[PDB]
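All the letters of the sequence shown, read from the start, carry residue numbers 1002 to 1104, 1111 to 1316, 1327 to 1400 under PDB author numbering. No residue lacks a Cβ here, since even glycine has one placed at the ideal position from N, Cα and C. Please read the structure below before turning to the comments.
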Amino acid sequence: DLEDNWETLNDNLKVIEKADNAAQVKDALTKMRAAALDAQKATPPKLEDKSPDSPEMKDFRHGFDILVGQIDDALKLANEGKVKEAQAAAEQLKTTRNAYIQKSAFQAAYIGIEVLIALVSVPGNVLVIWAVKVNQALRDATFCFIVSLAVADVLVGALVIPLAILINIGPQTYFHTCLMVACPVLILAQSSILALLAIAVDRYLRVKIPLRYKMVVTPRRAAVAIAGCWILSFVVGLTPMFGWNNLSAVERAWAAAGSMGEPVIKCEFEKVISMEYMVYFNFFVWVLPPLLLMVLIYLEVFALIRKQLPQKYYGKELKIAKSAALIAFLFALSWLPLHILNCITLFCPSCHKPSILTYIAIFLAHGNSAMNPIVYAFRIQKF
Ligand SMILES: CCCCn1c(=O)c2[nH]c([C@@]34C[C@@H]5C[C@@H](C[C@H]3C5)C4)nc2n(CCCO)c1=O
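Laid out in structure tokens, this is it:
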């Protein structure tokens, strides 16, 4: 009902613009008033979810009120036999059409929640960096891993989330720009995995060989190990930019349409990254094995601390070990959903997931960065 009325507005407007006498103008204008009044009571297909009195509907009916105004002016001029001014008032109708009818509810909640997770992730991890860095008594190895991890979460709130909003609004950009958007979250996630594993190793050294601990874990070795973790995170992270991507399909569909050059796409996450890289390489190699090794390490640490029971040092190491194991478990728990979504994508391309569960998985994956400082300060209050 609305579409045919719209096309009657268009065609009849062209009839007035191609008219010779005033009878054609007046008749076409009557038709346009009928169709405009009949379409003012309609609802656009885009506005299914918006309420009947929502601002979109009032702007719609308002624009149609202005429209019927212009139509009534042109008609009042056409009844007087002034075909010139009637055609002019017909020329204004295109401008009124341009300002209005030529121009997100579920999505806005996602955007806002992302902004919230940013406003919790950035200042909290900055606060951790303050508490450890500014204090001179906190220049340890585990403390250095903590500092690096807090840096990673700060960058998650400051980079991964802003780019996570710009990937959702989806602008039309080049292909490589979408990779440059996609890689930082890979890098930072791998960096967090390696940081947690390094904390586990440092705990195992503090509980198994304390007698020589401070003489085996030199601060030089702390810097070397941290730098190695960052480098691993960049190698595993910038692998898609090295050439492992779904550029073949995008470029094939780009040449099938006849166009040639740099492909331009919506910049979705799924179209620029090969799921073989996410599943086989980024996960089955650089996520799951480190998790398993951390499990074995923490089991050994708890075993040694349990068998070794002055008492205060080992009780303290037990508290720190509890906190570390808890944080690692919350990392794996907050990060496994997205990975399992990748695996379901690779293994069953036909099975399509409800969007709500994906939004939840992303809320967990990005939200853990805000979850770390809360649990950390909580465990400071415990000990
Ligand atoms: C260890 C680091 C994890 C990195 N990573 C992903 O692994 C990841 N998978 C996905 C999905 C969700 C939906 C079904 C499958 C294909 C696409 C689209 C799964 N989106 C991801 N995103 C970005 C999210 C915000 O747009 C992401 O950063």
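Return yes when the C-beta of residue i is under 8 Å from any heavy atom of ligand 1, and no when it is not.
i	result
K1370	yes
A1310	no
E1004	no
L1298	no
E1275	yes
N1289	yes
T1375	yes
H1183	no
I1102	no
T1362	yes
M1285	yes
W1137	no
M1282	yes
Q1197	yes
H1356	yes
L1162	no
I1379	yes
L1201	no
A1171	yes
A1189	yes
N1252	no
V1069	no
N1389	no
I1174	yes
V1279	no
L1193	yes
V1016	no
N1385	no
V1167	yes
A1023	no
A1349	no
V1294	yes
Can you tell me whether residue i is buried or exposed, with buried defined as 16 or more other CB within 10 angstroms of its CB?
i	result
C1365	exposed
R1213	buried
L1343	exposed
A1196	buried
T1044	exposed
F1152	buried
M1248	exposed
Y1330	exposed
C1368	exposed
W1137	exposed
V1231	exposed
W1251	exposed
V1242	exposed
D1021	exposed
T1096	exposed
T1225	exposed
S1240	buried
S1198	buried
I1124	buried
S1052	exposed
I1397	exposed
Under DSSP, the alpha helix (DSSP H) around residue i begins and ends at which residues?
i	result
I1216	It is not in any alpha helix (DSSP H) - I1216 carries neither H nor E in the DSSP assignment.
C1360	1328 to 1364
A1116	1112 to 1140
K1077	1056 to 1080
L1381	1372 to 1399
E1269	Taken as a continuous stretch (DSSP letters only), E1269 belongs to no alpha helix (DSSP H), as it is neither H nor E.
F1241	1226 to 1244
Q1143	Careful: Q1143 lies outside any alpha helix (DSSP H) and carries neither H nor E.
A1090	1084 to 1100
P1169	1168 to 1176
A1159	1149 to 1162
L1311	1295 to 1314
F1276	1276 to 1279
Quick test of your reading: residue i and residue j, contact by CB under 8 Å. State the CB separation rounded to the nearest angstrom.
i	j	result
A1029	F1065	About 18 Å; that fails the 8 Å criterion.
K1273	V1257	Contact flag wrong, Cβ pair sits at about 10 Å.
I1168	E1121	5 Å
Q1088	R1062	Not a contact, Cβ separation roughly 27 Å.
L1094	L1014	6 Å
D1209	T1149	5 Å
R1098	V1069	Actually they do not touch by this definition, with Cβ atoms about 13 Å apart.
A1090	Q1103	Wrong, their Cβ atoms sit about 20 Å apart, outside the cutoff.
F1348	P1270	Going by Cβ atoms, the distance from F1348 to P1270 rounds to 35 Å, so no, they are not a contact pair.
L1170	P1191	7 Å
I1200	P1297	5 Å
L1363	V1286	5 Å
Is there at least one non-hydrogen atom of ligand 3 closer than 8 Å to the beta-carbon of residue i?
i	result
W1352	In the structure shown, ligand 3 is absent; the only ligands present are ligand 1.
Please specify which runs of the alpha helix (DSSP H), each continuous and at least 4 residues long, are wholly inside the stretch 1003 to 1058, giving them in chain order. 1003 to 1018, 1023 to 1041
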